[PDB]
There are 4 protein chains.
Amino acid sequence: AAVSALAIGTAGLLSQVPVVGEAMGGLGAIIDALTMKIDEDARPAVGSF
Amino acid sequence: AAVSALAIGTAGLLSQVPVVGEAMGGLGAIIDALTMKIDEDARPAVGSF
Amino acid sequence: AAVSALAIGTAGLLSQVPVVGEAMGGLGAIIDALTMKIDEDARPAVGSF
Amino acid sequence: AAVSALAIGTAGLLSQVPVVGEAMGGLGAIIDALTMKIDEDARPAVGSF
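Note on numbering: residues are counted from 1 along each chain in the order of its written sequence, which can differ from the entry, and residues with no coordinates are hidden. Here the convention is simple: chains get letters from A, ligands get numbers from 1, in the order in which they are written. What appears here is a fragment of a larger assembly, so each number quoted concerns just the fragment shown. No hydrogens and no water enter the side-chain calculation; it runs on all heavy atoms of the structure.

This entry lists cryo-EM as its structure determination method and reports a resolution of 2.44 Å.

Below is the structure:
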């Protein structure tokens, strides 16, 4: 019962949290999609120049 | 002895990455404000214009 | 159990070292962002002149 | 058999996934220099002021 409880524990962490892991780095990659867009306003300055 | 050693191994050194993940969490997050502050000098750029 | 305890021990160190050291790598991105911030001051300065 | 399989499963994956944290940490940290050089191109605009 203790070994099955440990098995449930290591599942509850390692079977789940690493798969959920995208909440850092995955949702972190979305920084790209919303930093990049400073480039949308890079050219408008140039157009003015 | 070996199973309790493994149990200690995970309870200390798997639990490590939940404990230590706060480092790449925090110092990964804090890139936010310390990029953001380009906006402090963006306004002086506008004021130039 | 013994060999996995040993391998999880080493995996502890070999994940703690990255997740701390590359948090200081996140601080690298902070420092580099601050260099962008610093040159984003020189822009307004010569702008103002 | 099953406990050694579980043991090997955890050993093989902890010597993998959180050590492989070097992927998110590395290619995350390396955002540093390759954002940074917006500064080396910031100075050319100051030269254009």
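So, about the packing of helix 1 (residues 2-21) of chain C against helix 1 (residues 2-14) of chain D. Axis definition: a line fitted to C-alpha atoms, over the contacting stretch in the case of helices. Angles run 0 to 180 degrees between N-to-C directions. Every helix listed is a DSSP run of H or I at least four residues long, and every strand listed is a run of E at least two residues long, numbered separately from the N terminus. Between helix 1 of chain C and helix 1 of chain D, whose axes approach to 9 Å, the crossing angle comes to 20 degrees. Taken together, the axes of helix 1 of chain C and helix 1 of chain D lie roughly parallel to each other. Crossing hand, helix 1 of chain C versus helix 1 of chain D: left-handed. Contacts between helix 1 of chain C and helix 1 of chain D pair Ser4, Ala7, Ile8 and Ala11 of chain C from the former with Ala7, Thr10, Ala11 and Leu14 of chain D from the latter. Note on residue categories: nonpolar means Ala, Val, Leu, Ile, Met, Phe, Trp, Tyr, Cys or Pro, charged means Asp, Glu, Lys or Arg, and polar means any other residue, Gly included. When the residues that make up the contact of helix 1 of chain C with helix 1 of chain D are grouped by side-chain class, the tally is six nonpolar, two polar and no charged. Every angle not falling under 35 degrees, over 145, or within 65 to 115 is termed oblique; those three ranges are roughly parallel, roughly antiparallel and roughly perpendicular. Note on convention: near helix rotated counterclockwise from far helix by under a right angle means a left-handed crossing. Clockwise means right-handed. Residues are treated as being in contact if the distance between any of their heavy atoms lies within 4.5 Å.

This part is about the arrangement of the chains. The assembly contains five pairs of chains in contact; the pair sharing the most contacts is chains B and C. Where chain A comes nearest to chain C, the C-alpha atoms are still 12 Å apart, and the two do not contact one another.

With that out of the way, let us pick up the interface of chain C and chain B. Tallying the contact residues gives 27 residues for chain C and 24 residues for chain B. Roughly 2,100 Å² of surface becomes buried between chain C and chain B when both sides are summed, with 78% attributable to carbon and sulfur atoms. Computed with a 1.4 Å rolling probe, the buried area is the accessible surface lost when two parts are put together, summed over both parts. Looking only at chain C, the three residues that lose the most surface to chain B are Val19, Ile30 and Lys37 of chain C, adding up to 27% of its buried area. We define a salt bridge as a contact between a side-chain nitrogen of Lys or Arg and a carboxyl oxygen of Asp or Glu at a distance within 4 Å. Where chain C touches chain B, the interface holds two salt bridges. Within 3.5 Å is the distance limit for a polar contact, defined as a pair of N or O atoms, with the added protein rule that one can donate a hydrogen and the other accept it, and that residues adjacent in sequence qualify only through two side-chain atoms. Linking chain C to chain B there are five residue pairs in polar contact. Among the secondary structure elements, those contributing two or more residues to the side of chain C that touches chain B are helix 1 and helix 2 (23-48) of chain C. In terms of residue count, helix 2 of chain C provides more of the side of chain C that touches chain B than any other element does, 15 residues in total. Residue composition of the side of chain C that touches chain B, grouped by class: 15 nonpolar, eight polar and four charged.

Glancing now at helix 1 of chain D. Spanning 13 residues, helix 1 of chain D covers 18 Å between terminal C-alpha atoms, matching the ideal 18 Å at 1.5 Å per step. Classification of residues uses two cut-offs on accessible area relative to the type maximum, computed with a 1.4 Å probe and protein chains only: under 20% is buried, over 50% is exposed, and between them is partly exposed. Buried within helix 1 of chain D we find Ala7, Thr10, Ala11 and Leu14 of chain D. An end-on view of helix 1 of chain D places all buried positions within 100 degrees of arc, on one side of the element. Opposite the packed face of helix 1 of chain D, turned more than 90 degrees from it, sit the exposed residues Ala2 and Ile8 of chain D. Those residues of helix 1 of chain D that are buried lie in contact with helix 1 (2-15) of chain A together with helix 1 of chain C. The span expected for a helix works out to 1.5 Å for each residue beyond the first. Arc definition: it is the arc formed by the directions from the helix axis to the C-beta atoms.

Let us look at the side chain of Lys37 of chain C. Inspection of the secondary structure puts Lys37 of chain C in helix 2. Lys37 of chain C sits in the buried class, given a relative accessible area of 17%. For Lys37 of chain C, the side chain forms a polar contact with the side chain of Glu40 of chain B, separated by 2.9 Å. When residues no more than four places from it in sequence are discounted, the contact partners of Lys37 of chain C are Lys37, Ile38, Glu40 and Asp41 of chain B.

Turning next to the nonpolar core. Here, nonpolar core refers to any group of buried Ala, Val, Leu, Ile, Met, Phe, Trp, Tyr and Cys residues whose side-chain atoms link them within 4.5 Å. By size, the foremost hydrophobic cluster in this structure holds seven residues: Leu6 and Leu14 of chain B, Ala5, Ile8 and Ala11 of chain C together with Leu14 and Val19 of chain D. Top contributing element to this core by residue count: helix 1 of chain C, with three residues. The contacts of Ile8 of chain C, once residues within four sequence positions are left out, are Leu6, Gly9, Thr10 and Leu13 of chain B together with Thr10, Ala11 and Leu14 of chain D.

With that settled, the discussion passes to the packing of helix 4 (residues 38-48) of chain B against helix 2 of chain C. At their nearest, the axes of helix 4 of chain B and helix 2 of chain C sit 9 Å apart, and the two run at 15 degrees to each other. Between helix 4 of chain B and helix 2 of chain C, the angle is such that the two are roughly parallel. As helix 4 of chain B runs across helix 2 of chain C, the sense of the crossing is left-handed. Between helix 4 of chain B and helix 2 of chain C, the contacting residues are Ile38, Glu40, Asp41, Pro44, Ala45 and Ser48 of chain B on the first element and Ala33, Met36, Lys37, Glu40, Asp41, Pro44, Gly47 and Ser48 of chain C on the second. Residues belonging to the contact of helix 4 of chain B with helix 2 of chain C are distributed by class as follows: six nonpolar, three polar and five charged.

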